[PDB]
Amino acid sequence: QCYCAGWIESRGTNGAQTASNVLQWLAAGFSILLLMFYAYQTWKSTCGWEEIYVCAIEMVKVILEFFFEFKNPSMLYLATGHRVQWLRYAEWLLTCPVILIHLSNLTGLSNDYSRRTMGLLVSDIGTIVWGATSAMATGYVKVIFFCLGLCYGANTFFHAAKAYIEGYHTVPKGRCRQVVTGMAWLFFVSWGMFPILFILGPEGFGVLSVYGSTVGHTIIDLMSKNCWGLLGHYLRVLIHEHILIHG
């Protein structure tokens, strides 16, 4: 029984809504098939938990978004008049660190993780924390928290780059290196889009609507989560296939 004009602002156009709904179905369907494929491998082979955990969270998230995107607590309706997509940011904290853990052991071989991994993980959690806080903020305080996100974010990209470069030199000279390069390209483009979409969305300058932001986020979600995971899985398969033959 609380009233605010901002909570009733348009969520976007019907086309954007329909586009958004359509991409949820695709995301879900693609996630189920990936989950089936990974589960199929777990029984008949070895499969990293990172690919599976991330994909299960992604499947659940699109289902939850489809039904509850605009209901609390998946969207927060603040006394500032603004609406914060908490489901978006919550999901990042669950999935992004696991992706970075996957990135710290690209070959799947080692049991150990370096000091780089810790610095990488800490900087990414902070990035999300600052970004979420910025979305909740109002006025110039919003710009300050976004800047902290960029600082933490730059640290994450820096460490990530190093992991990719060390990974490139660590993997064997043929297809494996081509795959690592593909993973790096896919990673930096998709991860780079997130801050861009933030600026363009309601939390930023409101160029995009809620539905419009959702459309864009679902595409880069598929890129960063499902596709990158599938590539990383394929890389791990190649490493296994190579070591048997070449030792």
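Residues carry their position along the shown sequence, with the first being 1.
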| property | result |
| --- | --- |
| Greater mean Cα temperature factor according to the PDB record, 96-104 or 172-180 | 172-180 |
| 111-119 or 135-143, whichever carries the higher mean Cα B-factor | 111-119 |
| Options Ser190, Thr46, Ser209, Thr218 - largest CA temperature factor per the record | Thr46 |
| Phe70, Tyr53, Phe205, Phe30, ranked by C-alpha B-factor: the highest one | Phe30 |
| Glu91 CA temperature factor, ranked by third within the chain | lowest |
| Third of the chain's Cα B-factor distribution that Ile165 belongs to, per the entry | highest |
| Relative C-alpha B-factor of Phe198, binned into the chain's lowest, middle or highest third | lowest |
